[PDB]
Number of protein chains: 6
Amino acid sequence: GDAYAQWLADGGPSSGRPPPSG
Amino acid sequence: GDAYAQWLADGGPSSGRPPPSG
Amino acid sequence: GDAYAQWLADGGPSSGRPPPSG
Amino acid sequence: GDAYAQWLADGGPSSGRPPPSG
Amino acid sequence: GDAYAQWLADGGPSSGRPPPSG
Amino acid sequence: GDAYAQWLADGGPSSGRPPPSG
Ligand SMILES: [Cl-]
Ligand SMILES: [Cl-]
């Protein structure tokens with residue numbers, strides 16, 4: 001949940017990285 | 001995770017659609 | 001999913017609450 | 001742009017608030 | 001801004017389409 | 001808006017870098 005939240009903040013799919021599970 | 005980002009971007013709980021799990 | 005979305009809306013890790021799993 | 005980034009972090013359209021300009 | 005969040009969730013620069021101003 | 005997506009990918013405000021216009 002925390003790592004996902006940061007991925008999201010980084011643009012989600014637009015980050016170019018797969019979504020984290022946490 | 002990716003589907004869930006798309007769901008958030010459409011309004012999430014306020015979108016009239018259930019959240020996906022990916 | 002829906003709980004996690006409300007958690008983000010209330011500022012995510014700047015909430016002091018575990019991320020929900022829903 | 002920094003405010004928008006925080007808005008995305010808060011779920012974007014799911015956040016319950018309009019997108020900021022900065 | 002809301003359209004731009006949707007664009008990001010579709011891949012942003014990897015989405016195959018231009019960025020929204022909204 | 002493309003450069004701004006890349007800036008988000010790189011961590012957004014956390015990167016200490018200013019947000020781009022594009
Ligand atoms: Cl809405
Ligand atoms: Cl700005």
# chains A, B, ... in the order shown; residues from 1 in each chain; ligands from 1
>>> residues_near_ligand(ligand="ligand 2", cutoff="8 Å", atoms="only C-alpha atoms and all ligand atoms", output="PyMOL selection string")
(chain D and resi 1-2+21-22) or (chain F and resi 18-21)
>>> write_last_selection(atoms="C-alpha atoms", output="JSON list (two decimals), in the first residue's frame")
[["chain", "number", "residue", "atom", "x", "y", "z"],
["D", 1, "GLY", "CA", 3.18, 21.59, -10.58],
["D", 2, "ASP", "CA", 4.13, 20.53, -7.07],
["D", 21, "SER", "CA", -2.62, 24.45, -11.41],
["D", 22, "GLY", "CA", 0.88, 24.50, -9.92],
["F", 18, "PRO", "CA", 11.42, 22.05, -10.42],
["F", 19, "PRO", "CA", 8.33, 20.85, -12.39],
["F", 20, "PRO", "CA", 8.55, 21.29, -16.21],
["F", 21, "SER", "CA", 5.83, 23.06, -18.20]]
>>> calpha_fit_and_write(fixed="chain C", moving="chain D", output="CSV table (one decimal) with N, CA, C and O atoms, in the first residue's frame")
chain,number,residue,atom,x,y,z
D,1,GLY,N,-10.4,-1.8,-2.2
D,1,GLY,CA,-10.2,-0.7,-3.1
D,1,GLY,C,-10.8,0.6,-2.9
D,1,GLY,O,-10.2,1.7,-3.2
D,2,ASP,N,-12.1,0.7,-2.3
D,2,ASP,CA,-12.7,1.9,-2.0
D,2,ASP,C,-12.0,2.5,-0.8
D,2,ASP,O,-11.8,3.7,-0.7
D,3,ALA,N,-11.8,1.7,0.2
D,3,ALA,CA,-11.1,2.1,1.5
D,3,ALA,C,-9.7,2.7,1.2
D,3,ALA,O,-9.3,3.7,1.7
D,4,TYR,N,-9.0,2.0,0.3
D,4,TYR,CA,-7.7,2.6,-0.1
D,4,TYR,C,-7.8,3.9,-0.8
D,4,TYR,O,-7.0,4.8,-0.6
D,5,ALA,N,-8.8,4.1,-1.7
D,5,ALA,CA,-9.0,5.4,-2.3
D,5,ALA,C,-9.3,6.5,-1.2
D,5,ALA,O,-8.7,7.6,-1.3
D,6,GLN,N,-10.1,6.2,-0.2
D,6,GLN,CA,-10.3,7.1,0.8
D,6,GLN,C,-9.0,7.4,1.6
D,6,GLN,O,-8.8,8.6,2.0
D,7,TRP,N,-8.2,6.4,1.9
D,7,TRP,CA,-6.9,6.6,2.5
D,7,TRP,C,-6.0,7.5,1.7
D,7,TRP,O,-5.4,8.4,2.3
D,8,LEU,N,-6.0,7.3,0.4
D,8,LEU,CA,-5.2,8.3,-0.5
D,8,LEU,C,-5.7,9.7,-0.3
D,8,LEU,O,-5.0,10.7,-0.3
D,9,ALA,N,-7.1,9.8,-0.3
D,9,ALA,CA,-7.7,11.1,-0.2
D,9,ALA,C,-7.3,11.8,1.1
D,9,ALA,O,-7.3,13.1,1.2
D,10,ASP,N,-7.0,11.0,2.1
D,10,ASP,CA,-6.6,11.5,3.5
D,10,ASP,C,-5.1,11.6,3.6
D,10,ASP,O,-4.6,11.9,4.7
D,11,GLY,N,-4.4,11.6,2.5
D,11,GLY,CA,-3.0,11.9,2.5
D,11,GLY,C,-2.1,10.6,2.4
D,11,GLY,O,-0.9,10.7,2.4
D,12,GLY,N,-2.7,9.5,2.3
D,12,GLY,CA,-2.0,8.3,2.1
D,12,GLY,C,-1.0,8.0,3.3
D,12,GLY,O,-1.5,8.1,4.4
D,13,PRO,N,0.2,7.8,3.0
D,13,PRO,CA,1.2,7.6,4.1
D,13,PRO,C,1.2,8.8,5.1
D,13,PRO,O,1.6,8.5,6.3
D,14,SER,N,0.8,9.9,4.8
D,14,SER,CA,0.7,11.1,5.7
D,14,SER,C,-0.4,11.0,6.6
D,14,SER,O,-0.4,11.7,7.6
D,15,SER,N,-1.4,10.1,6.3
D,15,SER,CA,-2.7,10.0,7.1
D,15,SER,C,-2.6,9.6,8.5
D,15,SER,O,-3.6,9.8,9.3
D,16,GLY,N,-1.5,9.0,8.9
D,16,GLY,CA,-1.4,8.3,10.2
D,16,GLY,C,-2.0,7.0,10.3
D,16,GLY,O,-2.0,6.4,11.5
D,17,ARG,N,-2.4,6.4,9.3
D,17,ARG,CA,-3.0,5.0,9.4
D,17,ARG,C,-2.5,4.1,8.3
D,17,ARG,O,-2.0,4.6,7.3
D,18,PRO,N,-2.5,2.8,8.6
D,18,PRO,CA,-2.0,1.9,7.6
D,18,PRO,C,-2.9,1.8,6.4
D,18,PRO,O,-4.1,2.0,6.5
D,19,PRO,N,-2.3,1.5,5.2
D,19,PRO,CA,-3.2,1.4,4.1
D,19,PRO,C,-4.2,0.2,4.2
D,19,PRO,O,-3.8,-0.9,4.5
D,20,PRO,N,-5.5,0.5,3.9
D,20,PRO,CA,-6.4,-0.7,3.8
D,20,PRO,C,-6.2,-1.4,2.5
D,20,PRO,O,-5.7,-1.0,1.5
D,21,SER,N,-6.7,-2.6,2.5
D,21,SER,CA,-6.6,-3.6,1.5
D,21,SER,C,-7.7,-3.4,0.4
D,21,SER,O,-7.5,-3.7,-0.8
D,22,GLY,N,-8.9,-3.0,0.8
D,22,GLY,CA,-10.0,-2.9,-0.1
D,22,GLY,C,-9.9,-1.7,-1.0
D,22,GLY,O,-9.4,-0.7,-0.6
>>> select_by_dssp(residues="chain E", states="alpha helix (DSSP H)", output="PyMOL selection string")
chain E and resi 2-9
>>> write_last_selection(atoms="C-alpha atoms", output="compact mmCIF listing (two decimals), in the first residue's frame")
# COMPACT_ATOMS: atom_id res chain seq x y z
CA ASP E 2 -8.49 15.42 -14.72
CA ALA E 3 -7.92 14.42 -18.34
CA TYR E 4 -4.20 14.52 -17.73
CA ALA E 5 -4.54 12.06 -14.80
CA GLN E 6 -6.46 9.72 -17.17
CA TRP E 7 -3.63 10.10 -19.72
CA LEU E 8 -1.09 9.16 -17.16
CA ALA E 9 -3.00 6.04 -16.22
